[PDB]
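Here the structure is laid out as structure tokens; the discussion comes afterwards.
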Amino acid sequence: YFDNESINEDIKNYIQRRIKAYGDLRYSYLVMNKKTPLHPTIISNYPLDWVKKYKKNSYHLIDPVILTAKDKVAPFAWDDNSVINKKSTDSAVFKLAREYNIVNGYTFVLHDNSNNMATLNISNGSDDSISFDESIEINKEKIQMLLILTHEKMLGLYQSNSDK
Amino acid sequence: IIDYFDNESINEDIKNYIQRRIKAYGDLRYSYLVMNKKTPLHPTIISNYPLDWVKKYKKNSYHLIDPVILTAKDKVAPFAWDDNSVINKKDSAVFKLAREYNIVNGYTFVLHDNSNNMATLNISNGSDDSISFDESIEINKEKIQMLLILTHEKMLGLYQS
Ligand SMILES: CCCC(=O)CC(=O)N[C@H]1CCOC1=O
Ligand SMILES: CCCC(=O)CC(=O)N[C@H]1CCOC1=O
């Protein structure tokens, strides 16, 4: 269920420390399990009103990047054909995200053996587009590993907390 | 929905795809092993391991008792075969038999997909120098993980129904 505010604070802490090495960016680490679909865990520096609105309306159920990630193992851009396709069918999430300047970005995806899907979603925000996309592309293997090691760390911390 | 990964022409093309890329990290032994976690009896194996070892491993379903496969099942991050999680599993029959093929030192990279598959990329220096090998894997582990991801992504697209 991943409700432990204290572990999630160390995870957010672990991500922010390492993710700033690829630039000053917005990120969201979002973890969902099929057994608790309306309570995804979100660990992010996105604007809080957007996060709250996203949680309150269960927007992960209609979010083109999350719907695409279900079918992926490899990272993808939000202007990839698969996301554009889903956007044409339901555009609500991107239309509302535009207010908070969440427009262009990338999603990294991970499935585990506990029925979780984990995503690391990254956006520049309002900043200039080209240098961001080119930094993400040159560093995509490293960012994938950060998602992998964040998720391992998270599962590890929840494992120790449950033992004690 | 995904089909069984059993077209010989496709698997040989994917073998060439892996082999050309993984040789950037040294002269090494590799096995790409994909296993369905619901029905795990008959995994797909694309490998340059010694053919007699591969044949023996398939005939005896050794993945079911292989410490690195049993470890990968509960992992998302790569691990060395001397890591504490693997030594715990070490039934040691698989490693004892593998030693006769110089397959002693190695790493496993793992990937769970959304079709109940677990894909692993297992790599070993065989009889070549273990120090150079370990250093090359340690500094290239992010690229090797991405090689597994892109290989599996290709397989998923090729076998999609
Ligand atoms: C609030 C966290 C939302 C996510 O973690 C997924 C995500 O980043 N979706 C993007 C797509 C466009 O607007 C978003 O928020
Ligand atoms: C024949 C392919 C076997 C594998 O793909 C898994 C693997 O590499 N297991 C290692 C562990 C020690 O001996 C092995 O063969």
Side-chain angles (χ1 to χ4, degrees), chain A residues 26-32 40-69 77-79 83 86-87 91-109 117-123 125, chain B residues 29-35 43-72 80-82 86 89-90 92-110 118-124 126:
Chain A
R26 300 280 184 162
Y27 71 92
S28 175
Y29 171 59
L30 185 147
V31 186
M32 37 197 291
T41 301
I42 295 167
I43 294 181
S44 178
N45 68 352
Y46 284 11
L48 299 191
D49 286 283
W50 177 234
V51 173
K52 298 180 189 206
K53 195 199 256 87
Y54 195 96
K55 296 192 180 182
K56 287 181 180 177
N57 279 276
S58 289
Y59 278 157
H60 62 281
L61 305 179
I62 52 165
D63 183 341
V65 312
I66 301 303
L67 299 175
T68 298
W78 300 351
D79 55 18
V83 183
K86 294 196 174 59
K87 276 234 288 182
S91 38
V93 171
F94 271 82
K95 275 165 186 181
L96 276 15
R98 215 188 192 284
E99 318 157 352
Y100 305 89
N101 271 251
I102 315 286
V103 189
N104 314 112
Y106 290 85
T107 294
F108 297 71
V109 60
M117 176 174 75
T119 57
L120 178 56
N121 307 284
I122 290 175
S123 177
Chain B
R29 299 281 186 169
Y30 70 89
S31 180
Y32 169 68
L33 184 156
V34 186
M35 179 187 84
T44 291
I45 294 173
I46 299 170
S47 177
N48 72 351
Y49 282 13
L51 183 59
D52 298 344
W53 177 228
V54 169
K55 292 196 220 279
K56 184 158 183 181
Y57 188 102
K58 286 203 246 195
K59 168 185 174 179
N60 292 270
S61 307
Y62 277 153
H63 61 290
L64 301 175
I65 56 165
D66 186 339
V68 310
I69 302 305
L70 297 175
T71 299
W81 298 348
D82 50 66
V86 178
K89 317 280 191 316
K90 267 217 63 178
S92 41
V94 164
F95 272 73
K96 289 176 183 296
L97 278 24
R99 180 193 327 177
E100 296 275 26
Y101 301 94
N102 306 328
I103 294 174
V104 176
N105 179 67
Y107 292 81
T108 289
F109 294 71
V110 61
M118 183 191 73
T120 53
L121 180 53
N122 310 285
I123 56 176
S124 177

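Sequence lines set the chain letters: A, B, ... in the order given, protein chains first and strands last, and positions in each chain run from 1. Indexing begins at 1, ligand by ligand and atom by atom, following the structure's order.
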Side-chain contact, heavy-atom cut-off 4.5 Å: A/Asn104 with A/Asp79?
no
Check whether any side-chain heavy atom of A/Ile66 sits under 4.5 Å from a side-chain heavy atom of A/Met32, and report yes or no.
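Yes, close enough: below the 4.5 Å cut-off.
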Can you find a side-chain donor-acceptor pair between A/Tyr54 and A/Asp63 that sits under 3.5 Å?
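There is such a pair (donor and acceptor under 3.5 Å, judged by atom type) between the side chains of A/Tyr54 and A/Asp63.
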Closest approach of B/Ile123 and B/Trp81, non-hydrogen atoms and distance?
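Smallest heavy-atom distance, with atoms named: O-CZ2, 3.9 Å.
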Give, for atom OH of A/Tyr46 and atom CG of A/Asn121, the distance between the pair rounded to the nearest 0.5 Å.
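Separation between the atoms: 5.0 Å.
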One line per pair, note the atom names and distance for all nitrogen or oxygen contacts under 3.5 Å between ligand 1 and the protein.
residue  : atom   : partner  : partner atom : Å
ligand 1 : 5 (O)  : A/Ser28  : OG           : 2.7
ligand 1 : 5 (O)  : A/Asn121 : ND2          : 3.2
ligand 1 : 8 (O)  : A/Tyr46  : OH           : 3.0
ligand 1 : 9 (N)  : A/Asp63  : OD2          : 2.7
ligand 1 : 15 (O) : A/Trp50  : NE1          : 3.0

So, A/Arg98 side chain and A/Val103 main chain: donor-acceptor pair closer than 3.5 Å or not?
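No; zero donor-acceptor contacts below 3.5 Å.
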